[PDB]
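Below is one structure, written out as structure tokens, with a few remarks after it.
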Amino acid sequence: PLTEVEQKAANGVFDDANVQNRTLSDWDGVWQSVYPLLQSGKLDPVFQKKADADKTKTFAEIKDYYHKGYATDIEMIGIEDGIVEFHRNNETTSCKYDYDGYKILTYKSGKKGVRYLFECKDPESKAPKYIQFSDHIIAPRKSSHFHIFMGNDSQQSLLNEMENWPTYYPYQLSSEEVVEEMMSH
């Protein structure tokens, strides 16, 4: 169900002229952090396969890399009617985020990605001032999973973040299915 342009953009290959703005509604739904799967051992098959297929890397290096990447105490995210909710252990923050457009990034690998930028302008909210979505999509399309960046300093600080990228799949997916997607999608 992917066009050549979408399929290549998914793999970090695209012309900048094909990148288009999106809206918050692309990430509407209830979403679950993948971090507990890593911690329980349920992602081990993912790292096992990757380590096997790549002769220059080991299981421990791969798992540690995703441990840094996935680490977060934000267990779920809900997005509905313009509001993003961050669920921690019993505690919950939210904001009606403003869209701020996107930024195209060229990574050290020469692959490319796009960050979709939002800002909380509610002086009453306790949610992060700036957030960014990255999900291998460069034009309007409902997301099937996403990486999110959050902070209070600047958008540019987040643009540089490459170590920690808390990651979220639809909360209705079983663990097997989240594993299958990480192996396949």
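Chain labels A, B, ... are given in the sequence in which chains occur in the structure tokens; within each chain residues are numbered consecutively from 1, and ligands are likewise numbered from 1 in the order shown.
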
- Query: Running DSSP on the backbone, which parts of chain A land in strand (DSSP E or B), as a ChimeraX atom specification?
  - Reply: /A:29-33,76-80,83-87,92-96,98-106,112-119,130-134,146-151,167-170

- Backbone-only DSSP, alpha helix (DSSP H) members of segment 16-177 of chain A, as a PyMOL selection string: chain A and resi 35-40+44-53+59-70+155-159+175-177

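Comparing the minimum interatomic distances between residue 16 of chain A and each of A:112, A:55, A:50, A:68, counting only C-alpha atoms, we find that A:112 sits nearest.
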
- Query: Closest to residue 180 of chain A among A:27, A:37, A:46, A:160, using only C-alpha atoms?
  - Reply: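 Of A:27, A:37, A:46, A:160, the one nearest residue 180 of chain A, counting only C-alpha atoms, is A:46.
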
Each residue of segment 117-155 of chain A with at least one atom at most 12 Å from segment 7-11 of chain A should appear once, together with its nearest atom pair and the corresponding distance in Å (one decimal); atoms considered: only C-alpha atoms; ordering: chain, then increasing residue number; output as CSV.
residue,atom,partner,partner_atom,distance
A:134,CA,A:10,CA,10.7
A:135,CA,A:10,CA,8.1
A:136,CA,A:10,CA,4.4
A:137,CA,A:10,CA,6.1
A:138,CA,A:9,CA,6.8
A:139,CA,A:9,CA,9.6
A:141,CA,A:10,CA,12.0
A:143,CA,A:10,CA,11.6
A:144,CA,A:10,CA,11.8

Expected file contents, prior selection, N, CA, C and O atoms, as a CSV table (one decimal), in the first residue's frame:
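What landed in part_34.csv:
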chain,number,residue,atom,x,y,z
A,134,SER,N,8.6,12.2,14.4
A,134,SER,CA,9.3,11.7,13.3
A,134,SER,C,8.8,10.2,13.1
A,134,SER,O,8.9,9.4,14.1
A,135,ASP,N,8.4,9.9,11.9
A,135,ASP,CA,7.8,8.6,11.7
A,135,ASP,C,7.9,8.1,10.3
A,135,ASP,O,7.0,7.3,9.8
A,136,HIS,N,9.0,8.4,9.6
A,136,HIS,CA,9.3,7.9,8.2
A,136,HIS,C,8.3,8.3,7.2
A,136,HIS,O,8.2,7.7,6.1
A,137,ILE,N,7.5,9.4,7.5
A,137,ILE,CA,6.5,9.9,6.6
A,137,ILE,C,6.8,11.4,6.3
A,137,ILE,O,7.1,12.2,7.3
A,138,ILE,N,6.6,11.8,5.1
A,138,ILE,CA,7.0,13.2,4.7
A,138,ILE,C,5.8,14.0,4.1
A,138,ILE,O,5.9,15.1,3.5
A,139,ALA,N,4.6,13.4,4.2
A,139,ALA,CA,3.4,14.0,3.6
A,139,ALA,C,2.2,13.4,4.3
A,139,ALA,O,2.3,12.4,4.8
A,141,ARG,N,-0.5,11.5,6.0
A,141,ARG,CA,-0.7,10.1,6.1
A,141,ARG,C,-0.8,9.7,7.5
A,141,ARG,O,0.0,10.1,8.3
A,143,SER,N,-0.2,8.1,10.8
A,143,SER,CA,1.0,7.4,11.3
A,143,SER,C,0.7,6.0,11.9
A,143,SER,O,-0.3,5.7,12.5
A,144,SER,N,1.7,5.0,11.6
A,144,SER,CA,1.5,3.7,12.2
A,144,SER,C,2.4,3.5,13.5
A,144,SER,O,2.2,2.5,14.3

- Nearest to residue 2 of chain A among A:92, A:185, A:28, A:80, with distances taken over only C-alpha atoms: which residue is it?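 Closest to residue 2 of chain A of all the choices is A:185.
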
- Query: With distances taken over only C-alpha atoms, which of A:31, A:165, A:86, A:47 is nearest to residue 74 of chain A?
  - Reply: A:86

- What does the distance between atom CA of residue 97 of chain A and atom CA of residue 14 of chain A come to in Å, to one decimal place? 27.7 Å

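Taking atom CA of residue 12 of chain A and atom CA of residue 113 of chain A as endpoints, the distance between them is 5.7 Å.
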